[PDB]
Each structure stands twice: as C-alpha cells, then as structure tokens.
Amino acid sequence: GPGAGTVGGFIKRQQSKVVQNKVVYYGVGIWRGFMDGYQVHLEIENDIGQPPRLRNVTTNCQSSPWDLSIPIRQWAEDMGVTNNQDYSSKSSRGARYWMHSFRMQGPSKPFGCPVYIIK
C-alpha cells in the first residue's frame, strides 16, 4: 500500500560509526528518488543519539504535492525519520508548503519541514 513503488537512495550518506556492535548515523543525509512518477529530494539530519529529523522536502510535483504525503510518511517510517522539528527559521525562503506530523499545510502555517517545488 503506502510507499508502493517508491525507489531511490542516499546521494549524500550520513556520517556513521559502530557503537555497541551497531551502526549509528549522524550528520546530514540527502535521499533522492521517485514517488508516483515524480522526483523527490529528502534531507535528514541528527546529532549522534537523536533520531533523524526531516528538514527538507523538494519535489517537481507542482500540481498536487499533497499526494506525496502518504509515500513520504511511509519512507520516513521505514527510516525511523521524525517530523516534529520546526525548521521554519532555519530554512530558505520560497517554501510552498510545510510538513509537520507527516501532513502538509500551506504557507500560512510555517511550522515544521519546508516543502519546495522545483521544475
């Protein structure tokens, strides 16, 4: 169901180390791929010990980017990525939507992760 067909991968891998026989990721990661035919760019970040946070969504889906909320939520579930953190003061101007709790709102609700549209 959700996320069916999503394909992509990290173009910028997070930094990593092995702690207690487990890999731990930290720093900035950039994932790029396709969802429903559209290009999607997702950035995550965390310090060592904090779960990765969704800090940027960029897509070429201009006509209905809200249709990406379900596959982004599923991608994030698979990855352990959270969407509670507010990046509104740390983001470049030009966001067209904001994602928080994996739901999308328009520019009058600037809280959470910015959603940029590029084509």
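Residue indices: 1-based, along the sequence shown.
- Averaged over Cα atoms, the B-factor as recorded in the entry is higher for 42-50 than for the other of 27-35 and 42-50.
- For the pair 88-96 and 62-70, the record assigns the higher mean C-alpha temperature factor to 88-96.
- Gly112 sits in the middle third of its chain by CA B factor, as recorded in the PDB entry.
- Among the modelled residues of its chain, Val57 has a C-alpha B-factor that falls in the lowest third according to the deposited record.
- Ranked by Cα temperature factor within the chain, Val81 sits in the middle third according to the deposited record.
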